[PDB]
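Asker: For reference, the structure I am asking about is given below.
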Amino acid sequence: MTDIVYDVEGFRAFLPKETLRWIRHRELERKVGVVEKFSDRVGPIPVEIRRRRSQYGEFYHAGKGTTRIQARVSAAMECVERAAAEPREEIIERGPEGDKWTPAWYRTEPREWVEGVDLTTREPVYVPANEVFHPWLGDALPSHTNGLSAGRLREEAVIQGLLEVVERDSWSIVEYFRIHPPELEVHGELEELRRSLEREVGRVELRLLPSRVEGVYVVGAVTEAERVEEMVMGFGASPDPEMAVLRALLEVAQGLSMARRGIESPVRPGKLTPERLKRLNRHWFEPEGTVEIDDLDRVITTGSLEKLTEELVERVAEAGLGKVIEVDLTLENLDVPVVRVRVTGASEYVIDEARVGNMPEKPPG
Ligand SMILES: Nc1ncnc2c1ncn2[C@@H]1O[C@H](COP(=O)(O)OP(=O)(O)CP(=O)(O)O)[C@@H](O)[C@H]1O
Ligand SMILES: [Mg+2]
């Protein structure tokens, strides 16, 4: 029964100051190939940028938070998760004995597998290597990083990775059916933050996305700006709607920081105009209805880290989105818990159009 001591950007068993101290002591950024660091501030939001070398090349990773410490931990752990997610032969099986998951789009039988755990049944289940590692080039569709997460404890990572999967499922639902989600109305500090970021662009608008998992809220933030590359989107997912909002706003700040450095990002042909971009994306700029953040029920109340993991897993398993699978990606040398979470029927349409998942005929209205 581990206590949740921090629940601003995410649910953590440690304060960010302790974690930063711990990242530095263990020299994680150096060990993972960080070669350059930059510090930005987008309105009031610290953004951290990392340049990382590996055998696969040179990558830019970003971190952010409400505080400079949190931004620096976020950037460091983002680098760690990516390093951990690189293909590793030590844990690939080719003649696997047990249950296997073969995604819909696989026309042919996959040859490389990694063993995970089904989180409902606790039974072993094999996942394709292309569904675990990044980058992986051998298979039918591109590798990606959805569901991937690092933490101080494996529970932190499962929570964060699972919420990421729900987040991209909701966004995929919105895009595929071109749903117009309602505007989300917020107060106090969150509103002041929205206002403060808005001063950086033209408009910052909040949306409550349809969520296919009960007790999890998904929030989108969309911008309007006179420069087109500063019209970005941010997303957050949490049983706590205030966290969902914060993470969406933080992701906008991250996006704005990347655009201003001209960093090409799948992580954050002929030049478009701001007004045409609005018209191509009217579902985001013409919301259907309004929601008050106060009228949202706190279904899952956040006590202990194990109980919260258990609860979110249950809710996902109940949603009609297939199996909830965890694959361990902890490196031997750095003792940093990293997982890949798969929800076998969760949509990943926004990443690849062939990753449709369990899609209904008519959208949930
Ligand atoms: N206080 C903390 N302690 C340990 N790990 C943390 C942490 N805060 C963030 N992380 C980890 O660092 C990475 C960056 O997380 P962040 O909070 O910035 O959201 P995110 O990066 O998942 C959005 P995206 O997947 O699109 O890049 C994640 O693996 C996250 O779990
Ligand atoms: Mg992530």
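Methodologically, a virtual Cβ is constructed for each residue, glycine included, from the backbone with ideal geometry; neighbour enumeration extends over all protein chains shown. Only the coordinates and a few stated rules stand behind these numbers; no lab work does.
Asker: Taking amide H positions as placed in the peptide plane 1.01 Å from N, state which residues far from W136 in sequence (5 or more) or on other chains have amide H under 5 Å from it.
Answerer: Sorted by chain and number, the residues that satisfy this are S143.
Asker: Between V5 and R88, what is the label-to-label distance in nm when each label sits 7 Å out along the Cα-to-Cβ direction?
Answerer: Label-label distance for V5 and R88, simple model: 2.6 nm.
Asker: With labels modelled as points extended 7 Å from the Cα through the Cβ direction, what inter-label distance (nm, one decimal) is found for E109 paired with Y176?
Answerer: 2.8 nm
Asker: Suppose every K and R has +1 on its Cβ and every D and E has -1 on its Cβ; what is the size of the dipole of the range 1-145 about the Cα centre, in Debye to the nearest 20? Before the final figure, lay out the partial values.
Answerer: Details: 23 positive and 25 negative charges, 201 e Å.
Dipole size: approximately 960 debye.
Asker: If the only charges are +1 at each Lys and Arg Cβ and -1 at each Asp and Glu Cβ, what is the size of the charge dipole of the range 204-321 around the Cα centre, to the nearest 20 debye?
Answerer: 780 debye
Asker: Compute the length gained on full extension between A140 and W22: take 0.36 nm times their separation in residues and subtract their Cα-Cα distance, giving the result in nm to one decimal.
Answerer: This chain segment gains 38.5 nm when fully extended.
Asker: I would also like to ask the following. What ranking, highest mean first, results for peptides 196-203, 357-364, 113-120 when packing means the other Cβ atoms within 10 Å averaged over each residue?
Answerer: 113-120, 196-203, 357-364
Asker: Efficiency by 1/(1 + (r/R0)^6): what FRET value for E332 and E275, r their Cβ-Cβ distance, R0 = 41 Å, to the nearest 0.05? Show your work: numbers first, answer last.
Answerer: Details: r = 53 Å, r/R0 = 1.30.
Using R0 = 41 Å, I get an efficiency of 0.15.
Asker: Specify which residue in the list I351, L305, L280 is farthest towards the positive end of the charge dipole of the range 267-365, using unit charges on the beta carbon of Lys, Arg (+1) and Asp, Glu (-1), about the Cα centre.
Answerer: Positive-end residue among those listed: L280.
Asker: I need the peptides 21-28, 45-52, 333-340 ranked by packing, meaning the mean over residues of other C-beta atoms within 10 angstrom, with the highest value on top.
Answerer: Values: 21-28: 14.5, 45-52: 22.1, 333-340: 19.4.
Highest to lowest by the protection proxy: 45-52, 333-340, 21-28.
Asker: Which length gain, in nm to one decimal place, applies between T102 and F38 when the Cα-Cα distance is subtracted from 0.36 nm times their residue separation?
Answerer: My answer for the length gained is 18.9 nm.
Asker: Could you name the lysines whose alpha carbon sits less than 23 Å from that of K323, not counting residues in the same chain fewer than 8 places away?
Answerer: Output for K323: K100, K307, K362.
Asker: Taking 0.36 nm per residue of sequence separation and subtracting the Cα-Cα distance, how much length would be gained by fully extending the chain between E123 and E226, in nm to one decimal?
Answerer: Full extension from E123 to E226 adds 31.8 nm.
Asker: Once the other residues with Cβ under 12 Å from the Cβ of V117 are scored (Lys, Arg +1; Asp, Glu -1), what is the net sum?
Answerer: Value of the local net charge: -1.
Asker: Hey, what do the phi angles of the range 59-65 turn into as Karplus ³J(HN,Hα) couplings, whole Hz, using 6.51/-1.76/1.60 and θ = phi - 60°, x for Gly and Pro?
Answerer: 10, 9, 10, 10, x, 7, x
Asker: So, one more: Over 23 Å, how big is the tail of the calculated P(r) for the range 204-351, in percent of all Cα pairs?
Answerer: Numbers: 5396 of 10878 pairs.
So the pairs more than 23 Å apart make up 50 percent of the total in the range 204-351.
Asker: In bins 20 Å wide, starting from 0, what share of all Cα pairs of the chain does each bin hold, as a percent?
Answerer: Pair shares across the bins are 29, 62, 9.
Asker: Just add up the charged neighbours of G98: K/R +1, D/E -1, any other residue whose Cβ is under 9 Å from the Cβ of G98. Numbers along the way, then the final one.
Answerer: Details: positive: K100; negative: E97, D99, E115, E123.
Its environment carries a net charge of -3.
Asker: Name the residue farthest towards the positive end of the dipole of the range 225-365 from the options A248, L334, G320, assuming +1 on Cβ of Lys and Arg, -1 on Cβ of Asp and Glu, about the Cα centre.
Answerer: It is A248, whose Cα lies furthest towards the positive end.
Asker: Along the charge dipole of the chain, pointing to its positive end and built from +1/-1 on Cβ of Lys, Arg, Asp and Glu, which listed residue (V125, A221, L153) has its Cα farthest out?
Answerer: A221
Asker: Could you please state, rounded to a whole Å, how far the C-alpha centre of the range 95-124 is from the C-alpha centre of the range 1-55?
Answerer: One Cα centre to the other: 32 Å.
Asker: With +1 on the Cβ of every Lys and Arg and -1 on the Cβ of every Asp and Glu, and nothing else charged, how large is the dipole of the chain about its Cα centre, in debye rounded to the nearest 20?
Answerer: Once rounded to the nearest 20, the dipole reads 1440 debye.
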